[PDB]
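> My structure is below; once you've seen it, I'll send some questions.
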């Protein structure tokens, strides 16, 4: 069961950010960061909003490292159910399969 692996790595970069959804308008950056810190030292946290001024129930959370982020996800992924919402929280990387760059060239 050879743990881990190594191989070629194309140019793209590492996104240490996360995309959270299914949130209410009663939660704030602090709230999350507070419930996220327990998993890892978050670098920066922001909350998405519209024009009028109503949270879209989503926010962006960036961790110091990738591993830390991976945890917070499976840790708070569709596990909680913010009040008012019948669905579970949606936590997933901001750029899942979005790599700006040519494979062949």
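In the authors' numbering, the protein residues as written are 119 to 223.
The beta-carbon is built from N, C-alpha and C at its ideal position, and this holds for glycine as well.
(1) Could you tell me which uninterrupted beta strand (DSSP E) segments, each at least 3 residues in length, are contained entirely in the stretch 143-173, listed from first to last along the chain?
(2) Classify residue 177 as helix, strand or coil using the three-state DSSP reduction.
(3) Give the straight-line distance between the Cα atoms of residue 195 and residue 221, rounded to the nearest whole angstrom.
(4) Taking the alpha carbon of residue 224 as the point to measure from, which residue in 207, 190, 185, 204 has its own alpha carbon closest?
(5) I'd like to check one pair, residue 165 with residue 141: are the Cβ atoms closer than 9 Å?
(6) Among the residues of its own chain, which have a CB less than 6 Å from the CB of residue 191, if the five just before and after it don't count?
(7) Provide the residue(s) that pair with residue 136 in DSSP beta bridges, ordered along the chain.
(8) Throw me the rounded Cβ distance for the residue 178 and residue 212 pair, which I believe falls under 8 Å.
Judging by the given coordinates:
(1) 160-167
(2) strand
(3) 31 Å
(4) Not covered by the structure: residue 224. The range shown for the chain is 119 to 223.
(5) yes
(6) 209
(7) 179, 211
(8) 6 Å
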